[PDB]
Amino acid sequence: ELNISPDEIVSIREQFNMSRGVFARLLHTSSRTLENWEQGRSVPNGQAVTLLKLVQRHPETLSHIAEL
């Protein structure tokens, strides 16, 4: 039952010192959609929650995504 708050989403990419645009691009995610999540206008879908928590635990995941 994974979930993630708007503040947690922001704190992930601020740990990496990445802007919203940089982080969204490296996550193969629309920056406007990421804006929705960080502002709290909608709940991210289940796989987006999994992906965010994966990247947080294993930041090299961003490199694996770039290798797809």
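All residue numbers are counted from 1 along the displayed sequence.
Sorting the modelled residues of the chain by their CA temperature factor places residue 33 in the middle third.
Compared with the other modelled residues of the chain, the Cα B-factor recorded for residue 53 ranks in the lowest third.
Ranked by C-alpha B-factor against the other modelled residues of its chain, residue 2 falls in the highest third. The deposited CA B-factor of residue 27 belongs to the middle third of values across its chain.
Residue 65: CA B factor lies in the lowest third for its chain, per the PDB record.
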